[PDB]
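Starting off, we have a lone chain in the form deposited in one PDB entry, written out as structure tokens.
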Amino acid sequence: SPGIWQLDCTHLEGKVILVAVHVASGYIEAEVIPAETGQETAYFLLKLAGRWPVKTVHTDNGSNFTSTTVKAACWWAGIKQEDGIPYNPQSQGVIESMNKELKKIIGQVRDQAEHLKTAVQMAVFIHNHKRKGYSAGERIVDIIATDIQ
């Protein structure tokens, strides 16, 4: 579980917010893209895997699962590309709740930036630093350090 991430795509303001969640910690990375293509998703994963030890990614839909560009990025970065089928039905709910929380935070910061991308990074910061007590950013570091040790 230290290496398991889940992709998630949500929409706001006619744009797409692509999110990666570290399953065990709830820590997130996100970016704003005009639309979700295999190429965008591939690039996002390359970025993520250079920053954290990404072992497995549960893809957000069947098009990204199928995408040869996404498969090429996962090959390149040594990531096991998996489906995102919620065999544990609780997964759907957690993701839904996370998207609603993220959108809430984006609304709370929306007037502090002209561009949606800025508001999204502000939301990422707030989400990752929120003590719920440890923050998600604290949990991910502890989890991975324990793994190295």
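In case it trips you up, residue 1 is the first one in the sequence shown, and so on.
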Exercise. As recorded in the PDB entry, how many deposited residues are without coordinates between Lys132 and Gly133: none, 1 to 3, 4 to 9, or 10 or more?
Worked result: 4 to 9
Seminar exercise, completed: For 20-28 versus 133-141, entry-based mean Cα B-factors point to 133-141
For this session: For the higher mean C-alpha B factor in the entry, choose 82-90 or 56-64.
Result: 82-90
Problem set entry | Residue, from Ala42, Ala119, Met98, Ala49, that the PDB entry assigns the highest Cα B-factor | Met98
Seminar exercise, completed: Chain-relative C-alpha B factor for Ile148 (record values, thirds): the highest
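There is also a form solved in complex with a small molecule; it is not shown, and the following applies to it.
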Problem set entry | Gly84 within 4.5 Å of the small molecule in the deposited bound form, heavy atoms | no
